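**Q** What shape does this take:
(2 chains)
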Amino acid sequence: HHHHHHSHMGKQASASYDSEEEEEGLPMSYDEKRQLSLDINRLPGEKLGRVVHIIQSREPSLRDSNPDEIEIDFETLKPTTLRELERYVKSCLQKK
Amino acid sequence: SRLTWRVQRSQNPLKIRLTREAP
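**A** Residues are numbered from 1 along each chain as shown, chains lettered A, B, ... in the order given. Below is the structure:
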């Protein structure tokens, strides 16, 4: 009497990518405004120069009024604007 | 280059003023 055992535990893999590269501009939730704030607050003054510059390009009122003290208002800022802050800070934190 | 500012929280966690600081 000899013995052999057999079994095939076949589990499916998963790989998914977005088809487009469009400005999704989804309704940015309250917490994602905070998520930018903490992660931008840890960026050096050099990066803070570009961080505000894109906001001042969106808000020409604050651009012209104050080139010295700049208040980034995330809550009213457009999800298309904050898209740049998100992808940029993420590119500073991660090698991406 | 410039006088080094700091990013500071303006009341709300959704507002940050980069105040005019000396390096």
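**Q** ok, and the closest non-adjacent residue to residue A:56?
**A** Nearest residue to residue A:56, sequence neighbours excluded (C-beta to C-beta, 6 or more residues apart in numbering or on different chains): residue A:63, at 3.7 Å. In short, each C-beta sits where N, CA and C put it, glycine included.
**Q** Tell me if I'm right that residue A:43 and residue A:52 touch.
**A** No. Residue A:43 lies out of contact with residue A:52 (C-beta atoms under 8 Å); the separation is 10.7 Å.
**Q** which of those two has more neighbours?
**A** Per other C-beta atoms under 10 Å in any protein chain shown, whichever of residue A:43 and residue A:52 has more neighbours is residue A:52, with 24 against 17.
**Q** Next one: the more buried one from residue A:35, what distance?
**A** Distance of residue A:52 to residue A:35, computed by C-beta to C-beta, to the nearest Å: 18 Å.
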